[PDB]
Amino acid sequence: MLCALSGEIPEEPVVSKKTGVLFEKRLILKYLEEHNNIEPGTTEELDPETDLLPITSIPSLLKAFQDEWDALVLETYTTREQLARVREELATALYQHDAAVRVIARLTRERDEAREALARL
């Protein structure tokens, strides 16, 4: 009974129709605003096609809200940093693979030239 987007208990839970995954209504709608498709599912989904489901000191409460906000901001930051680093590594690997493809082509051409010269006797 956890939202697949937030990992929390939804207040207005909705289940997809093309998949069986549960979401918080406002979160999945704000996600479909840009993409209009399920998160892993490649197929797009219409808006009225998510089946709905039914079911301390104030300064300290503000402090708790602020602490959770800080945690979310730091998590976003660290995930973006890891993403940037792995993107750099992927670009380096692609560069090296392009170089390897060129040298493979050169070796194939040289090998075939030598084999054809050998077939000539």
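Note that residue numbering begins at 1 and tracks the sequence as displayed.
Q: For the step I55 to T56, what size class fits the number of deposited residues with no coordinates, none, 1 to 3, 4 to 9, or 10 or more?
A: A long stretch, 10 or more residues, is missing between them.
Q: Comparing 83-91 with 34-42, which has the greater mean CA B-factor as deposited?
A: Stretch with the higher mean C-alpha B-factor: 34-42.
Q: Can you tell me whether 109-117 has a higher mean C-alpha B factor than 11-19 in this record, or the other way round?
A: Higher of the two, by average CA B-factor, is 109-117.
Q: Whose C-alpha has the highest temperature factor in the PDB entry: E68, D51, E75, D47?
A: Going by the entry's C-alpha B-factors, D47 comes out highest.
Q: Relative to the other modelled residues in the chain, which third contains the C-alpha temperature factor of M1: lowest, middle or highest?
A: For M1, the deposited C-alpha B-factor lands in the highest third.
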